[PDB]
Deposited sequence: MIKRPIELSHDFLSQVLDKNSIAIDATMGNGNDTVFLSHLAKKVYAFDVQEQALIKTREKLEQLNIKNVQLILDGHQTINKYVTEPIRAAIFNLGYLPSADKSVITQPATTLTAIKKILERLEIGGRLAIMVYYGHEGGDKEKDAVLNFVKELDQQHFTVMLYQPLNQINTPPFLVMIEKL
């Protein structure tokens, strides 16, 4: 019953989203988070470098999430970011934090950024770590940021 990090990431963003909010999905990929966010927000901007439900309130952008300041102009209520690469960003996060409205939230799922969020001024941002401690395979963890 304890929430997995991925579940809390959704809850965290959902708690502040409404049909007046703009949301960002900085790491589109499969589109699962885009869909989740589209149902809760006025509009969603989604980004990926890689090129049905009649949604229509979503804009897909193909060009570095770090190019946010060139695509979205309005204040942002909620944003989700994925971090970490499978065996085979910092300016983006910074720009999102700047654009977040008061009470706005950024969720970073992690599968230099840590060093950066740790450095944020506690009077202007609350940054919390939510991390499984006893999982045998190294699981994803969540960094929750709320703009004060």
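Asks: Without any C-alpha position in the structure, which residue ranges of the deposited sequence would you list, numbering from 1?
Replies: Coordinates drop out over 52-62, 100-110, 134-144.
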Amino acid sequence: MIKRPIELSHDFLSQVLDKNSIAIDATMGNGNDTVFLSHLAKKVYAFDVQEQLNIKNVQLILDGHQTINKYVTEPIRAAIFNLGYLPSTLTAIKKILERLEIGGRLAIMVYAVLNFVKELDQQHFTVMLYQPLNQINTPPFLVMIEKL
From here on, numbers count along this sequence of modelled residues.
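Asks: Which is higher on mean Cα B factor in this entry, 17-25 or 127-135?
Replies: Going by the record's values, the stretch with the higher mean is 17-25.
Asks: Quick check: 35-43 versus 65-73, which has the larger average CA B-factor in the record?
Replies: Higher mean C-alpha B-factor in the PDB entry: 65-73.
Asks: Among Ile102, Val117, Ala107, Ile55, which carries the highest Cα B-factor?
Replies: The record points to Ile55.
Asks: Sorting the chain's modelled residues by C-alpha B-factor, tell me whether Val113 ends up in the lowest, middle or highest third.
Replies: Answer is highest: the recorded C-alpha B-factor places it there.
Asks: Rank-wise, by C-alpha B-factor, drop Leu60 into the lowest, middle or highest third of its chain.
Replies: Its C-alpha B-factor belongs to the highest third of this chain's values.
Asks: Based on the entry's values, in what third of the chain does the Cα temperature factor of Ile93 lie: lowest, middle or highest?
Replies: As the PDB entry reports it, the C-alpha B-factor of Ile93 lands in the middle third of its chain.
Asks: Of the three thirds of its chain by CA temperature factor, lowest, middle or highest, which one includes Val49?
Replies: As the PDB entry reports it, the C-alpha B-factor of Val49 lands in the highest third of its chain.
Asks: Ranked by Cα temperature factor within the chain, is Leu83 in the lowest third, the middle third or the highest third?
Replies: Answer is middle: the recorded C-alpha B-factor places it there.
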